[PDB]
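Asker: got the complex split up, this is the first portion:
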Amino acid sequence: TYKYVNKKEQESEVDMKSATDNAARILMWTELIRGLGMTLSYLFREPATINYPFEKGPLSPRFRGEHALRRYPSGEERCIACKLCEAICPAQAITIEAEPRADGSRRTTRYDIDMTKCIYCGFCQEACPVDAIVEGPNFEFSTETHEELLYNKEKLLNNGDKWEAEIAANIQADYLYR
């Protein structure tokens, strides 16, 4: 199947019945009207604008945005320094130097993202075998400084100490689904 887009040139014995219809398509302009009267329809249509800060648009619960370190329902920081949430991070964005916690347990002393790195690709929320790191619906976190985006860990907990009311409902509709 191959389809000629433009094959209509055939000598149809162009007579005054029709050959002037092209001159009716010309000097008495109609094709231009046809292209104009269309546009005039839309100004009598429903403009799909939306008053953003008062009318924000649609997302879905898998939206890749700002990171956050989740926490178990009983305190207890959920991140445990596996060190594959940077080994996969293609931006090479992360440093998660760690230690024992002085409880004998296993947690971090360090965690990082350069959010100007961090392509927001989604490898880390899914590679995390614990859902300790996730990537939540914030996308109004523009700042005036390249430095205020270099989220260390205390921001990135207390961020995770904020949207946990929200993430635990999107993820509630996204477990048994990946």
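Answerer: Good, I have the coordinates. Residues are numbered from 1 along each chain as shown, chains lettered A, B, ... in the order given.

Asker: Which helix or strand contains residue A:37?
Answerer: Here residue A:37, judged by DSSP states H and E, is contained in helix A:31-42.

Asker: what about residue A:50, neighbour count?
Answerer: Residues lying near residue A:50 (other Cβ atoms under 10 Å) number 11. (C-beta placed from N, C-alpha, C; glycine too.)

Asker: and it, how far is that from residue A:62?
Answerer: Computed with Cβ to Cβ, to the nearest Å, the distance linking residue A:50 and residue A:62 is 22 Å.

Asker: picking up where we left off before, to the chain's geometric centre, what's the distance from the helix holding residue A:37?
Answerer: In terms of Cα atoms, centre = their mean, to the nearest Å, the centre of helix A:31-42 is found 36 Å from the chain centre.

Asker: so how far is the helix or strand following that helix off the chain centroid?
Answerer: Following helix A:31-42 in sequence order, the next helix or strand is strand A:66-69 (DSSP H and E). How far strand A:66-69 lies from its chain's middle: 15 Å, per Cα atoms, centre = their mean.

Asker: Pairing partners for strand A:66-69, with directions?
Answerer: The sheet places strand A:66-69 alongside strand A:133-136 (antiparallel), with pairing taken from DSSP bridges.

Asker: hang on, the earlier thing: quick one: list the elements packing against the helix holding residue A:37.
Answerer: Of the remaining helices and strands, none touches helix A:31-42 by 3 or more Cβ pairs under 8 Å, 6 or more residues apart in numbering; DSSP states H and E.

Asker: Output it as CSV, nothing but the C-alphas.
Answerer: The C-alpha coordinates for helix A:31-42 follow below in CSV (Å, rounded to 0.1, in the frame of the first residue of the first chain):
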residue,chain,number,x,y,z
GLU,A,31,-10.9,29.5,-0.4
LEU,A,32,-9.6,32.4,1.8
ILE,A,33,-13.0,32.9,3.2
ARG,A,34,-13.1,29.1,3.8
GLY,A,35,-9.8,29.5,5.8
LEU,A,36,-11.1,32.6,7.5
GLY,A,37,-14.6,31.6,8.6
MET,A,38,-13.2,28.6,10.3
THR,A,39,-11.1,30.7,12.7
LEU,A,40,-14.1,32.8,13.4
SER,A,41,-15.8,29.7,14.9
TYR,A,42,-13.2,29.3,17.6
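
Asker: In that helix, which residues are buried?
Answerer: When burial is assessed from 16 or more other Cβ atoms under 10 Å, helix A:31-42 yields no buried residues.

Asker: And the contacts of it?
Answerer: The contact list for helix A:31-42, computed with Cβ atoms under 8 Å, 6 or more residues apart in numbering, reads residue A:25.

Asker: got it, and stretch A:48-63?
Answerer: In contact with stretch A:48-63 (Cβ under 8 Å, 6+ apart) are residues A:136, A:137, A:139, A:169, A:170, A:171, A:173, A:174.

Asker: Also put chain B in, sequence below:
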Amino acid sequence: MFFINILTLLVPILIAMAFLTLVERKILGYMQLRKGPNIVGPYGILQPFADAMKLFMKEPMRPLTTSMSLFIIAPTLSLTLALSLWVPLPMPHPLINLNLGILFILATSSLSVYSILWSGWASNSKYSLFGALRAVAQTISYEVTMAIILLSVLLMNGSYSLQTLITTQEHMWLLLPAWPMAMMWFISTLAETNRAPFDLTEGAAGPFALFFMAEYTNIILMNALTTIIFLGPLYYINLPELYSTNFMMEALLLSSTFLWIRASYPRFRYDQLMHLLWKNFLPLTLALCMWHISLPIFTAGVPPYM
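Answerer: Time to bring in chain B:
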């Protein structure tokens, strides 16, 4: 008094032109399926005064490029014509009668070119020199039709005086006897004042207000001047204020019309444009400015000189 009258001619068009720059963006949005300005004020009405005060706070662009006694004139010249380009224009009774007013329009309309040339010659830019020069021969080969299309029409009118046309349009519009003139007139209105599907200055940096002020100013005029010549509104002198109120909507239709164009079509490739006005209109046109001369000679009678 008289000063009090120009007080009612200039400020009542400078406000108008400003709300064209808005309505421009408001229609074309809705042509393009979107609201336009809404948060500058109630419904965008307060956009232009904001945009105005913006430019007139523009930090001091370094005045390069010449003895700046010419960078002062290009804006100040073209805008000056336009505000004067309205004066004879007779809403029911003109501010200024002119026995040759319709001819006073062309010169004032055509003399504005030196703004586009001198800004092109001042601006020591090897490209914009012959970049603001295409647009001049553009504006000029346009100017021919703007006379012929205007001239052959006034053949079956009397003198050049615009007060006559109200009388000539008593029972009838000049849209019907010459619908072709109007067609070739209309593009000849787009023609000068490039704000049209063809622009050729969008495909003069600091004082962009004045071009931005004069360009759109001539729009409402040259739309209006099409109404008062062809889409003749109703005079009926015991309530002459009607005429202006009917003169309004035609000027807004003819000006809403332009805005439908820019949000209809693309630019025109400045070789066709010549080919349009050196093969298609002008040879078509002379027959019409040969037709109407035979017309009263044929028909019965020629109009007067009062």
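
Asker: Chain B added, so what about the contacts of helix A:31-42 now?
Answerer: Here helix A:31-42 makes contact (Cβ atoms under 8 Å, 6 or more residues apart in numbering or on different chains) with A:25, B:30, B:31, B:32, B:33, B:260, B:261, B:263, B:264, B:265.

Asker: how close does residue A:126 sit to residue B:48?
Answerer: Taking Cβ to Cβ, one finds residue A:126 at 52 Å from residue B:48.

Asker: which residue does chain A bring closest to chain B?
Answerer: residue A:43 (3.9 Å; Cβ to the nearest Cβ).

Asker: wait, what's in contact with that residue?
Answerer: By Cβ under 8 Å, 6+ apart, the contact set of residue A:43 is B:27, B:30, B:31.

Asker: The first one reaches residue B:263, doesn't it?
Answerer: Yes - counting by Cβ atoms under 8 Å, residue B:27 sits close enough to residue B:263 to count as a contact (7.4 Å).

Asker: who in chain A is up against chain B?
Answerer: Taking Cβ under 8 Å from any Cβ of the partner chain as the measure of proximity, chain A contacts chain B at A:27, A:29, A:32, A:35-36, A:39-40, A:42-43, A:45, A:47-49, A:51.

Asker: Name the residues of stretch A:121-131 that come out as buried.
Answerer: Residues A:123, A:124, A:125, A:128 are the ones in stretch A:121-131 that count as buried (16 or more other Cβ atoms under 10 Å in any protein chain shown).

Asker: Stretch A:57-68: which residues count as buried?
Answerer: Within stretch A:57-68, the residues that qualify as buried by neighbour count (16+ other Cβ under 10 Å) are A:65, A:66, A:67, A:68.

Asker: just stretch B:15-31 next, same as before
Answerer: Those buried within stretch B:15-31 under the rule 16+ other Cβ under 10 Å are B:16-31.

Asker: Chain A: which of those is nearest?
Answerer: Using Cβ to the nearest Cβ, those come closest to chain A at residue B:30, 3.9 Å.

Asker: I'd assumed the closest one was in a helix, is it?
Answerer: Yes - per DSSP: H, G, I helix; E, B strand; the rest coil, residue B:30 lies within a helix segment.

Asker: could you measure it against residue B:258, distance?
Answerer: With distances taken as Cβ to Cβ, residue B:30 is found 15 Å from residue B:258.

Asker: May I ask which helix or strand encompasses the residue nearest in space to the middle of chain B?
Answerer: The centre of chain B sits closest to residue B:222, judged by Cα atoms, centre = their mean, with a distance of 3.1 Å. Using DSSP H and E, residue B:222 sits within helix B:208-227.

Asker: just how off-centre is that helix within its chain?
Answerer: 5 Å.

Asker: which helices and strands does that helix pack with?
Answerer: Using 3 or more Cβ pairs under 8 Å, 6 or more residues apart in numbering or on different chains; DSSP states H and E, the elements in contact with helix B:208-227 are helix B:11-31, helix B:47-55, helix B:73-85, helix B:101-110, helix B:179-191, helix B:241-262.

Asker: Chain C follows; place it on the structure:
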Amino acid sequence: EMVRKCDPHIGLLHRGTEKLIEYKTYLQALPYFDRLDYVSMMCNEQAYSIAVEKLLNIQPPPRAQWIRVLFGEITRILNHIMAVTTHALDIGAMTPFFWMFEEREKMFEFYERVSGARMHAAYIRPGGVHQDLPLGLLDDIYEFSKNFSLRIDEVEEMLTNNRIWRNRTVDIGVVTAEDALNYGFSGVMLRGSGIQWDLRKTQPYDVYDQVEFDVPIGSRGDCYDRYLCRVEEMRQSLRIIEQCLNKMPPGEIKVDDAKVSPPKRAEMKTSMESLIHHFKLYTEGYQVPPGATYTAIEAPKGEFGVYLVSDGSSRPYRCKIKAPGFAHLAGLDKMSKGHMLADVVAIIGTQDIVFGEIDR
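Answerer: If we add chain C to the chains shown above, we get the following:
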């Protein structure tokens, strides 16, 4: 006044991606291919996965193959809309642009709901697809696709009999057939001059084998018959969609093997072996065999293809991307010969300079 000799300066956006992949593994390098044809994402990923899948010697399952074709010809719809309209902007027409970029934003949401985000959807991985797509998605494409064959012919009402379009566009950039092949356009820019060719039917690879669609050849080589090809290729996705929509098989995603795909997240969490692979996939990765391929796929541009080259280490060894525009642009200074400025704008649009392909 007139052009004779033009010269581009193709370097203004290079980044070293071909180098920068050599120090990152396959899974770790996938989303770079979303960047090249930044307008049309998946189709790049559609190729990159295959260059892997050839070497690894796997056909992914049908349901994942099946959806890989669906978005694989929604991305077809994008770049046409992005170079039908932008080819109209720089020529001058600014309206259909906005009429579509609500119709186009309804076309990102069907990534946002399916993939993570709107545009750089790291959704198509070498082992099929990462993640199935939800329930309230496929009743929505019907409504969209139904209303969308109008939005085009709604536009074709306006432009494809428009003087300002036609004589701005016709007889422009007359491409000779046998000269295209000397330059290797190999996309739209040759079928628009009558060289009957399409890999999707001449070298079919995915489930395109049973679709019953058509190739809109263009005769009378000019950027209006390219344009009509670019239009009808948007239409004849919808024959493909309707056929790619009403017979989706229920099946599996993210290939059965846990060495070439990550396992189910509920399954790495009890079953040991699925945990280890999850710990080594996302650190080390596939461990491809050495070898080499030159894949291909006709994206909206044309024969997008990859000369991926491998080694027993998990990471590649000088991948290379075949930017189909890269040859279209070398012919820029031969097809604009005896033509003036203003159409050279049109030449750019009807060579589809989505630079990111051009740039590396």
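
Asker: In light of the added chain C, please revisit the neighbour count of residue A:50.
Answerer: Counted by other Cβ atoms under 10 Å in any protein chain shown, the residues lying close to residue A:50 total 12.

Asker: which residues sit in contact with residue 174?
Answerer: Unless you meant another one, I'm taking chain A. Contacts of residue A:174 by Cβ under 8 Å, 6+ apart are A:61, A:62.

Asker: My question was about chain C, not that one.
Answerer: For residue C:174, counting by Cβ under 8 Å, 6+ apart, the contacting residues are C:221, C:222, C:335.

Asker: That one and chain B: what is the separation?
Answerer: For residue C:174, the distance to chain B (Cβ to the nearest Cβ, to the nearest Å) stands at 17 Å.

Asker: go on, residue C:102?
Answerer: On the measure of Cβ to the nearest Cβ, residue C:102 and chain B end up 7 Å apart.

Asker: Number of residues surrounding the closest residue to chain A within the stretch 201-306 of chain B?
Answerer: Nearest residue of the stretch 201-306 of chain B to chain A (Cβ to the nearest Cβ) works out as residue B:264 at 5.1 Å. Number of residues near residue B:264 (other Cβ under 10 Å) recorded here: 21.

Asker: Contact residues of the stretch 101-250 of chain C facing chain B?
Answerer: Listed as neighbours of chain B in the stretch 101-250 of chain C under the rule Cβ under 8 Å from any Cβ: C:102, C:158, C:162, C:164, C:165, C:167, C:168.

Asker: now do 6 Å
Answerer: Contact residues (Cβ under 6 Å from any Cβ of the partner chain) of the stretch 101-250 of chain C with chain B: C:164, C:168.

Asker: which parts of the stretch 101-250 of chain C sit against chain A?
Answerer: C:102, C:112-113, C:116-117, C:122, C:131, C:157-158, C:161-162, C:196, C:214-218, C:225, C:228-229.

Asker: Tell me which entries of the residues you listed lie within helices.
Answerer: C:102, C:112, C:225, C:228, C:229 (DSSP state H).

Asker: Just the closest of these to chain B, please.
Answerer: Using Cβ to the nearest Cβ, these come closest to chain B at residue C:102, 6.6 Å.

Asker: And what about the nearest residue to residue B:172 once chain neighbours are set aside, helix, strand or coil?
Answerer: Using Cβ to Cβ, 6 or more residues apart in numbering or on different chains and skipping residues adjacent in sequence, the residue nearest residue B:172 is residue B:232, 7.7 Å away. State at residue B:232, reduced to three classes by three-state DSSP: coil.

Asker: gap between residue B:183 and residue B:296?
Answerer: Plainly put, residue B:183 is 22 Å away from residue B:296 if you go by Cβ to Cβ.

Asker: whoops, I mixed them up, residue C:107
Answerer: 63 Å.

Asker: now do residue B:246
Answerer: 28 Å.

Asker: Name the residue in those two with the higher neighbour count.
Answerer: More crowded of residue B:246 and residue B:296, by other Cβ under 10 Å: residue B:246, with 16 against 13.

Asker: Thanks a lot, see you next time.
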